[PDB]
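Engineer: See target.pdb below, with PDB, C-alpha atoms and all ligand atoms.
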ATOM      1  CA  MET U   1    -123.166 -81.749-113.098  1.00  0.00           C
ATOM      2  CA  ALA U   2    -124.173 -80.048-116.440  1.00  0.00           C
ATOM      3  CA  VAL U   3    -120.503 -80.206-117.710  1.00  0.00           C
ATOM      4  CA  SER U   4    -119.077 -83.137-115.617  1.00  0.00           C
ATOM      5  CA  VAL U   5    -121.735 -85.911-114.939  1.00  0.00           C
ATOM      6  CA  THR U   6    -124.969 -85.132-116.960  1.00  0.00           C
ATOM      7  CA  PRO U   7    -124.733 -83.888-120.635  1.00  0.00           C
ATOM      8  CA  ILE U   8    -128.579 -83.281-120.750  1.00  0.00           C
ATOM      9  CA  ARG U   9    -127.974 -79.642-119.509  1.00  0.00           C
ATOM     10  CA  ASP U  10    -130.782 -78.278-121.795  1.00  0.00           C
ATOM     11  CA  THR U  11    -133.886 -79.202-123.909  1.00  0.00           C
ATOM     12  CA  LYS U  12    -133.661 -76.501-126.701  1.00  0.00           C
ATOM     13  CA  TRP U  13    -135.040 -78.896-129.402  1.00  0.00           C
ATOM     14  CA  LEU U  14    -137.652 -80.711-127.187  1.00  0.00           C
ATOM     15  CA  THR U  15    -139.352 -77.623-125.556  1.00  0.00           C
ATOM     16  CA  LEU U  16    -142.335 -77.578-128.009  1.00  0.00           C
ATOM     17  CA  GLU U  17    -144.990 -74.802-127.834  1.00  0.00           C
ATOM     18  CA  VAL U  18    -148.553 -75.447-126.536  1.00  0.00           C
ATOM     19  CA  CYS U  19    -151.635 -74.950-128.758  1.00  0.00           C
ATOM     20  CA  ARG U  20    -153.344 -71.548-128.116  1.00  0.00           C
ATOM     21  CA  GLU U  21    -156.953 -72.733-128.765  1.00  0.00           C
ATOM     22  CA  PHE U  22    -156.450 -75.826-126.538  1.00  0.00           C
ATOM     23  CA  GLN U  23    -155.811 -73.389-123.595  1.00  0.00           C
ATOM     24  CA  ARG U  24    -159.616 -72.585-123.666  1.00  0.00           C
ATOM     25  CA  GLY U  25    -160.761 -76.082-124.855  1.00  0.00           C
ATOM     26  CA  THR U  26    -161.686 -74.710-128.352  1.00  0.00           C
ATOM     27  CA  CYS U  27    -159.077 -76.485-130.592  1.00  0.00           C
ATOM     28  CA  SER U  28    -160.151 -78.541-133.723  1.00  0.00           C
ATOM     29  CA  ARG U  29    -157.458 -81.331-133.988  1.00  0.00           C
ATOM     30  CA  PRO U  30    -156.379 -84.195-131.631  1.00  0.00           C
ATOM     31  CA  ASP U  31    -152.852 -84.283-130.061  1.00  0.00           C
ATOM     32  CA  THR U  32    -151.904 -86.689-132.929  1.00  0.00           C
ATOM     33  CA  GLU U  33    -152.654 -84.048-135.690  1.00  0.00           C
ATOM     34  CA  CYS U  34    -152.388 -80.433-134.308  1.00  0.00           C
ATOM     35  CA  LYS U  35    -149.621 -77.861-135.184  1.00  0.00           C
ATOM     36  CA  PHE U  36    -148.592 -77.529-131.467  1.00  0.00           C
ATOM     37  CA  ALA U  37    -148.426 -79.760-128.330  1.00  0.00           C
ATOM     38  CA  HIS U  38    -151.486 -80.766-126.173  1.00  0.00           C
ATOM     39  CA  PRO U  39    -150.551 -81.593-122.476  1.00  0.00           C
ATOM     40  CA  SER U  40    -152.760 -84.206-120.664  1.00  0.00           C
ATOM     41  CA  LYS U  41    -152.759 -83.804-116.795  1.00  0.00           C
ATOM     42  CA  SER U  42    -149.314 -84.770-115.330  1.00  0.00           C
ATOM     43  CA  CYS U  43    -147.481 -82.940-118.208  1.00  0.00           C
ATOM     44  CA  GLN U  44    -145.371 -79.992-116.897  1.00  0.00           C
ATOM     45  CA  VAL U  45    -145.434 -76.645-118.832  1.00  0.00           C
ATOM     46  CA  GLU U  46    -143.227 -73.510-118.633  1.00  0.00           C
ATOM     47  CA  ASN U  47    -143.665 -70.027-120.292  1.00  0.00           C
ATOM     48  CA  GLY U  48    -146.307 -71.356-122.806  1.00  0.00           C
ATOM     49  CA  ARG U  49    -144.255 -74.494-123.795  1.00  0.00           C
ATOM     50  CA  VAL U  50    -143.912 -78.230-122.901  1.00  0.00           C
ATOM     51  CA  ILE U  51    -140.803 -80.477-122.957  1.00  0.00           C
ATOM     52  CA  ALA U  52    -141.089 -83.606-125.165  1.00  0.00           C
ATOM     53  CA  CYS U  53    -140.212 -86.961-123.476  1.00  0.00           C
ATOM     54  CA  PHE U  54    -136.483 -87.534-124.105  1.00  0.00           C
ATOM     55  CA  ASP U  55    -136.843 -90.916-122.300  1.00  0.00           C
ATOM     56  CA  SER U  56    -139.582 -91.994-124.820  1.00  0.00           C
ATOM     57  CA  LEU U  57    -137.449 -90.775-127.813  1.00  0.00           C
ATOM     58  CA  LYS U  58    -134.171 -92.434-126.535  1.00  0.00           C
ATOM     59  CA  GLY U  59    -135.933 -95.731-125.479  1.00  0.00           C
ATOM     60  CA  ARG U  60    -136.043 -95.471-121.603  1.00  0.00           C
ATOM     61  CA  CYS U  61    -139.584 -94.288-120.578  1.00  0.00           C
ATOM     62  CA  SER U  62    -141.851 -96.617-118.493  1.00  0.00           C
ATOM     63  CA  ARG U  63    -143.900 -94.070-116.382  1.00  0.00           C
ATOM     64  CA  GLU U  64    -147.709 -93.883-115.820  1.00  0.00           C
ATOM     65  CA  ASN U  65    -147.689 -90.124-114.841  1.00  0.00           C
ATOM     66  CA  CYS U  66    -144.950 -88.882-117.252  1.00  0.00           C
ATOM     67  CA  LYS U  67    -144.408 -85.073-116.941  1.00  0.00           C
ATOM     68  CA  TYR U  68    -143.170 -84.855-120.562  1.00  0.00           C
ATOM     69  CA  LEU U  69    -144.959 -84.875-123.941  1.00  0.00           C
ATOM     70  CA  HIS U  70    -144.770 -88.259-125.724  1.00  0.00           C
ATOM     71  CA  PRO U  71    -144.189 -86.911-129.296  1.00  0.00           C
ATOM     72  CA  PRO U  72    -147.126 -87.363-131.782  1.00  0.00           C
ATOM     73  CA  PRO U  73    -146.526 -88.347-135.501  1.00  0.00           C
ATOM     74  CA  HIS U  74    -147.378 -84.760-136.694  1.00  0.00           C
ATOM     75  CA  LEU U  75    -144.631 -83.242-134.419  1.00  0.00           C
ATOM     76  CA  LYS U  76    -141.975 -86.062-134.519  1.00  0.00           C
ATOM     77  CA  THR U  77    -140.988 -84.667-137.980  1.00  0.00           C
ATOM     78  CA  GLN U  78    -140.406 -81.220-136.383  1.00  0.00           C
ATOM     79  CA  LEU U  79    -138.563 -82.674-133.313  1.00  0.00           C
ATOM     80  CA  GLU U  80    -136.285 -84.834-135.590  1.00  0.00           C
ATOM     81  CA  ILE U  81    -135.278 -81.762-137.656  1.00  0.00           C
ATOM     82  CA  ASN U  82    -134.914 -79.500-134.550  1.00  0.00           C
ATOM     83  CA  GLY U  83    -132.595 -82.182-133.002  1.00  0.00           C
ATOM     84  CA  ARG U  84    -130.544 -82.644-136.251  1.00  0.00           C
ATOM     85  CA  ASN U  85    -129.907 -78.837-136.201  1.00  0.00           C
ATOM     86  CA  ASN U  86    -127.922 -79.224-132.866  1.00  0.00           C
ATOM     87  CA  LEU U  87    -126.779 -82.927-132.456  1.00  0.00           C
ATOM     88  CA  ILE U  88    -124.197 -82.189-135.264  1.00  0.00           C
ATOM     89  CA  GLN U  89    -122.030 -80.210-132.709  1.00  0.00           C
ATOM     90  CA  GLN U  90    -120.776 -81.055-129.155  1.00  0.00           C
ATOM     91  CA  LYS U  91    -117.843 -80.091-126.806  1.00  0.00           C
ATOM     92  CA  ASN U  92    -118.752 -81.639-123.368  1.00  0.00           C
TER      93      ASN U  92
HETATM   94 ZN    ZN S   1    -154.349 -77.580-131.016  1.00  0.00          ZN
HETATM   95 ZN    ZN S   2    -142.323 -90.429-121.001  1.00  0.00          ZN
END
Can I see the file as structure tokens?

Structural biologist:
Amino acid sequence: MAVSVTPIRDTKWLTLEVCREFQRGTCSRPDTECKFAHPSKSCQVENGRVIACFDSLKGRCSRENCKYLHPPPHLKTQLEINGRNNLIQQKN
């Protein structure tokens, strides 16, 4: 479906890294101010990274156990600019 029914074939700009100090509960900033992402409980992680909620960014999310990182003000600036670096080109 990646090239015929669903164009959301990847998350290259949304797959934000996790905070290293938060992995041992020794970080010094909240999720709203840190340099990396801070998963809650239901948030799914892969290879030391977490996917930001595309549904929350596009205006579709309504979950209570969302597996994706709702983007904080300190990282929305990074996600905007990461998205702008790829949204400028498409073929399918
Ligand atoms: Zn942190
Ligand atoms: Zn969400």

Engineer: As a check of understanding, name the residues that the PyMOL selection byres (((not hetatm)) within 6 of (chain S and resi 2)) selects in the supplied structure, as a PyMOL selection string.

Structural biologist: chain U and resi 53+55-56+61+66+68+70

Engineer: Just the residues within 7 Å of stretch 79-83 of chain U, please, counting only C-alpha atoms, with nothing from its chain fewer than 3 positions along; format it as a PyMOL selection string.

Structural biologist: chain U and resi 13-14+75-76+86-87

Engineer: Go through the shown structure with the PyMOL selection byres (((not hetatm)) within 8 of (chain S and resi 1)) and write out the matching residues as a PyMOL selection string.

Structural biologist: chain U and resi 18-22+27-31+34-38

Engineer: Take the residues from that selection and write them out as a PDB file, in the coordinates of the input, keeping C-alpha atoms.

Structural biologist:
ATOM      1  CA  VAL U  18    -148.553 -75.447-126.536  1.00  0.00           C
ATOM      2  CA  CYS U  19    -151.635 -74.950-128.758  1.00  0.00           C
ATOM      3  CA  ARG U  20    -153.344 -71.548-128.116  1.00  0.00           C
ATOM      4  CA  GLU U  21    -156.953 -72.733-128.765  1.00  0.00           C
ATOM      5  CA  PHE U  22    -156.450 -75.826-126.538  1.00  0.00           C
ATOM      6  CA  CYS U  27    -159.077 -76.485-130.592  1.00  0.00           C
ATOM      7  CA  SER U  28    -160.151 -78.541-133.723  1.00  0.00           C
ATOM      8  CA  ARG U  29    -157.458 -81.331-133.988  1.00  0.00           C
ATOM      9  CA  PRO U  30    -156.379 -84.195-131.631  1.00  0.00           C
ATOM     10  CA  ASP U  31    -152.852 -84.283-130.061  1.00  0.00           C
ATOM     11  CA  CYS U  34    -152.388 -80.433-134.308  1.00  0.00           C
ATOM     12  CA  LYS U  35    -149.621 -77.861-135.184  1.00  0.00           C
ATOM     13  CA  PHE U  36    -148.592 -77.529-131.467  1.00  0.00           C
ATOM     14  CA  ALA U  37    -148.426 -79.760-128.330  1.00  0.00           C
ATOM     15  CA  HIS U  38    -151.486 -80.766-126.173  1.00  0.00           C
TER      16      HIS U  38
END

Engineer: Taking the point (-143.5, -74.8, -123.5) as given in the file, collect each protein or nucleic acid residue that comes within 8 Å of it, counting all atoms listed in the file, and present the set as an NGL selection string.

Structural biologist: :U and (15-18 or 45-51)

Engineer: Only C-alpha atoms, please: the residues just picked out, written as a PDB file, in the coordinates of the input.

Structural biologist:
ATOM      1  CA  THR U  15    -139.352 -77.623-125.556  1.00  0.00           C
ATOM      2  CA  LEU U  16    -142.335 -77.578-128.009  1.00  0.00           C
ATOM      3  CA  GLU U  17    -144.990 -74.802-127.834  1.00  0.00           C
ATOM      4  CA  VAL U  18    -148.553 -75.447-126.536  1.00  0.00           C
ATOM      5  CA  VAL U  45    -145.434 -76.645-118.832  1.00  0.00           C
ATOM      6  CA  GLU U  46    -143.227 -73.510-118.633  1.00  0.00           C
ATOM      7  CA  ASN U  47    -143.665 -70.027-120.292  1.00  0.00           C
ATOM      8  CA  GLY U  48    -146.307 -71.356-122.806  1.00  0.00           C
ATOM      9  CA  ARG U  49    -144.255 -74.494-123.795  1.00  0.00           C
ATOM     10  CA  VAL U  50    -143.912 -78.230-122.901  1.00  0.00           C
ATOM     11  CA  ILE U  51    -140.803 -80.477-122.957  1.00  0.00           C
TER      12      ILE U  51
END

Engineer: Between atom CA of residue U:39 and atom CA of residue U:52, measure the distance and give it in Å to one decimal.

Structural biologist: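 Atom-to-atom, atom CA of residue U:39 to atom CA of residue U:52, that is 10.0 Å.
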
Engineer: Quick check, in Å to one decimal: how far apart do atom CA of residue U:78 and atom CA of residue U:32 lie?

Structural biologist: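 Separating atom CA of residue U:78 from atom CA of residue U:32 is a distance of 13.2 Å.
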
Engineer: Kindly indicate which residue among U:62, U:89, U:24, U:54 lies nearest to residue U:11, using all atoms listed in the file for the distances.

Structural biologist: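 Closest to residue U:11, using all atoms listed in the file: U:54.
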
Engineer: Enter the distance from atom CA of residue U:72 to atom CA of residue U:9, in Å, rounded to one decimal.

Structural biologist: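 One can read the atom CA of residue U:72 to atom CA of residue U:9 distance as 24.0 Å.
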
Engineer: Starting from 6 Å padding per side, set up an axis-aligned box that covers all listed atoms of stretch 78-86 of chain U and hand over centre and edge lengths in Å, one decimal, as JSON.

Structural biologist:
{"center_x": -134.2, "center_y": -81.8, "center_z": -135.3, "size_x": 24.5, "size_y": 18.0, "size_z": 16.8}

Engineer: Contacts of residue U:91 at 12 Å or less, counting all atoms listed in the file, minus same-chain residues fewer than 5 places along, as a list in words?

Structural biologist: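 Here the answer would be residues 3, 4, 7 and 86 of chain U.
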
Engineer: From the list U:92, U:74, U:64, U:57, which residue is nearest residue U:6 when using only C-alpha atoms?

Structural biologist: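 Of the candidates, the smallest distance to residue U:6 is held by U:92.
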
Engineer: With only C-alpha atoms as the atoms that count, which of U:26, U:85, U:77, U:44 lies nearest to residue U:65?

Structural biologist: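 Using only C-alpha atoms, residue U:65 sits closest to U:44.
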